[PDB]
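A.B. asks: this one's a deposited entry, sequence included:
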Amino acid sequence: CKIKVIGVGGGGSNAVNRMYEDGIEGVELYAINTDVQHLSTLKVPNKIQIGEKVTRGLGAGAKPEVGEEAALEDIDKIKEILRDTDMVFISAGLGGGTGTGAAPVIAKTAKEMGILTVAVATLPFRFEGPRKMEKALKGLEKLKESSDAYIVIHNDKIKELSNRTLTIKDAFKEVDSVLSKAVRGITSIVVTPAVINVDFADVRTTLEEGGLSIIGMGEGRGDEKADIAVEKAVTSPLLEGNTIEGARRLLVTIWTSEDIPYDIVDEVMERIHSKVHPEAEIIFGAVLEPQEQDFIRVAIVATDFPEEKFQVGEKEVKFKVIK
Ligand SMILES: Nc1nc2c(nc(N3CCOCC3)n2[C@@H]2O[C@H](COP(=O)(O)OP(=O)(O)OP(=O)(O)O)[C@@H](O)[C@H]2O)c(=O)[nH]1
Ligand SMILES: [Mg+2]
């Protein structure tokens, strides 16, 4: 199965860099940016500029329209990277110019090529201010038109669920860690020899035209680990306003330490089926978590919601038209 992960803009690129550092295997990684200095700092193996003419290699100045133009100008570069691909993850931090503006053009180009197109988009922290969030939400409306599924993660939910950080740098490292777990949990059950592999065909049937997608993760240790992990995952969505229990399709990854036998999945999946929608179609895989002991992590990607709505702080977000 040919899977690619494409980071778009600075934040998106940083998440893909973390995936590389975390040892993602069996996938080809790319970083796309209009800011050439930032590209030069990355360890991601494939580094691609867009927008030389409109930005001169100096970034998009927080203007999504310039990110969009950069992608359109260089749509040939994008098509070349997307050749011979089954699935692509498009990782973007929404709220700047390049991720916000270019991600929809890359997504549309992939989807028109028949590639299973999964956006992995963050919404900004509250400390980034109100204008970055407005721009993020406007861009998300274009990204959704262009994607099979769009996983939306609100950085404030990561902060709520994580240790206090003392630098903005460290706040973003926690975001990158979560995004990396989220993506590696899907890829590793398809393209690496796993505890329980899933067929790519099943990942496609789960995510194709799924639309808004929400993730929740939970860890469990010791004797009650299945119940603890499942309860935490289902009650810890990384986007508010649409409970994981209403989704009609779900993709579940069970990470297991080496000492936990595979049949832990029997109990996990019974508990998940009891908690979520009775008619949900759920596909699941299992993969090893190195360096852990007496441990599982349950990660749930929930999609195919009845309504493509969510909440950010005190704002209920709906889009104009759902295709
Ligand atoms: N995963 C992840 N996300 C990050 C990271 N850093 C940021 N920002 C980017 C903005 O400055 C503060 C930190 N972001 C987020 O990226 C969002 C977009 O910023 P950007 O990716 O730097 O912007 P761009 O797509 O490069 O657009 P430009 O061409 O610079 O206008 C921000 O709102 C942040 O929430 C990071 O290291 N990892
Ligand atoms: Mg930038």
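C.D. replies: Sure thing, it's come through. Numbers count the residues shown, from 1 in each chain. Ligands and ions are numbered 1, 2, ... in the order given.
A.B. asks: ok, residue 18 touching residue 177?
C.D. replies: Yes. The pair residue 18 and residue 177 passes the contact test of CB atoms under 8 Å, sitting 6.7 Å apart. C-beta here means a position set from N, CA and C on the backbone, and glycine is covered the same way.
A.B. asks: so these two - more neighbours on which side?
C.D. replies: Neighbour totals were compared for residue 18 and residue 177, and residue 18 leads with 25 against 15 (other CB atoms under 10 Å).
A.B. asks: what's the closest non-adjacent residue to the more buried one?
C.D. replies: Excluding the flanking residues, the one nearest residue 18 by CB to CB, 6 or more residues apart in numbering is residue 176, at 3.9 Å.
A.B. asks: from residue 21, how far off is the one you found?
C.D. replies: Using CB to CB, to the nearest Å, residue 176 is found at 9 Å from residue 21.
A.B. asks: neighbour count: these two, which is higher?
C.D. replies: Set side by side, residue 176 and residue 21 show unequal neighbour counts under other CB under 10 Å, the larger going to residue 176 at 22 against 12.
A.B. asks: gap between the host helix or strand of the more buried one and the chain center?
C.D. replies: Using DSSP states H and E, the secondary-structure element containing residue 176 is helix 168-191. Mean-position distance between helix 168-191 and its chain equals 8 Å (CA atoms, centre = their mean, to the nearest Å).
A.B. asks: for the residue nearest to residue 18, what are its contacts?
C.D. replies: By CB atoms under 8 Å, 6 or more residues apart in numbering, the contact set of residue 176 is 14-15, 17-18.
A.B. asks: which stretches of the stretch 101-250 of the chain form helices?
C.D. replies: All helices of the stretch 101-250 of the chain, identified by DSSP state H, counting those that start in this stretch, fall at 130-145, 155-160, 168-191, 200-207, 225-235.
A.B. asks: ok, and what's touching the fourth one?
C.D. replies: The one in question is helix 200-207. For helix 200-207, using CB under 8 Å, 6+ apart, the contacting residues are 1, 86-87, 116, 118, 148-149, 186, 190, 213, 249-251, 281, 283, 301, 303.
A.B. asks: and the protein, which residues reach ligand 1?
C.D. replies: For the chain, the residues in contact with ligand 1 under the definition CB under 6 Å from any ligand atom are 9-12, 14-15, 34-35, 59-62, 93, 95-99, 122, 124, 128, 132, 155, 172, 175-176, 179.
A.B. asks: just give the number of residues close to residue 95.
C.D. replies: Residues contacting residue 95 under the criterion other CB under 10 Å number 29.
A.B. asks: ok, now how distant is the closest residue to it other than its chain neighbours from residue 218?
C.D. replies: Once flanking residues are discounted, residue 95 sits nearest to residue 132: 3.7 Å by CB to CB, 6+ apart. Using CB to CB, we find residue 132 at a distance of 29 Å from residue 218.
A.B. asks: write out the residues of the stretch 101-250 of the chain neighbouring ligand 2.
C.D. replies: Within reach of ligand 2 by CB under 5 Å from the ion, the stretch 101-250 of the chain has no residues at all.
A.B. asks: quick one: residue 279 is in a strand?
C.D. replies: No. Secondary structure assignment (DSSP: H, G, I helix; E, B strand; the rest coil) places residue 279 in coil, not in a strand.
A.B. asks: and the closest residue to residue 279 other than its chain neighbours, what does it touch?
C.D. replies: Spatial nearest neighbour of residue 279, excluding adjacent residues (CB to CB, 6+ apart): residue 248 at 6.9 Å. By CB under 8 Å, 6+ apart, the contact list for residue 248 reads 277, 279-281, 303-306.
A.B. asks: just name the closest of the residues you listed to ligand 1, please.
C.D. replies: The shortest approach to ligand 1 among those belongs to residue 303, at 21.2 Å (CB to the nearest ligand atom).
A.B. asks: burial check on the closest one, number of neighbours?
C.D. replies: Residue 303 has 24 neighbouring residues, counting by other CB under 10 Å.
A.B. asks: wait, it sits on residue 215?
C.D. replies: No. Judged on CB under 8 Å, residue 303 makes no contact with residue 215 at a distance of 9.8 Å.
A.B. asks: show me what the strand or helix carrying residue 92 is packed up against.
C.D. replies: Of the helices and strands defined by DSSP H and E, residue 92 is found in strand 87-93. Here strand 87-93 touches strand 3-8, helix 9-21, helix 98-112, strand 116-123, helix 168-191, helix 200-207, going by 3 or more CB pairs under 8 Å, 6 or more residues apart in numbering; DSSP states H and E.
A.B. asks: residues near residue 268, how many?
C.D. replies: Residue 268 has 24 neighbours, counted by other CB under 10 Å.
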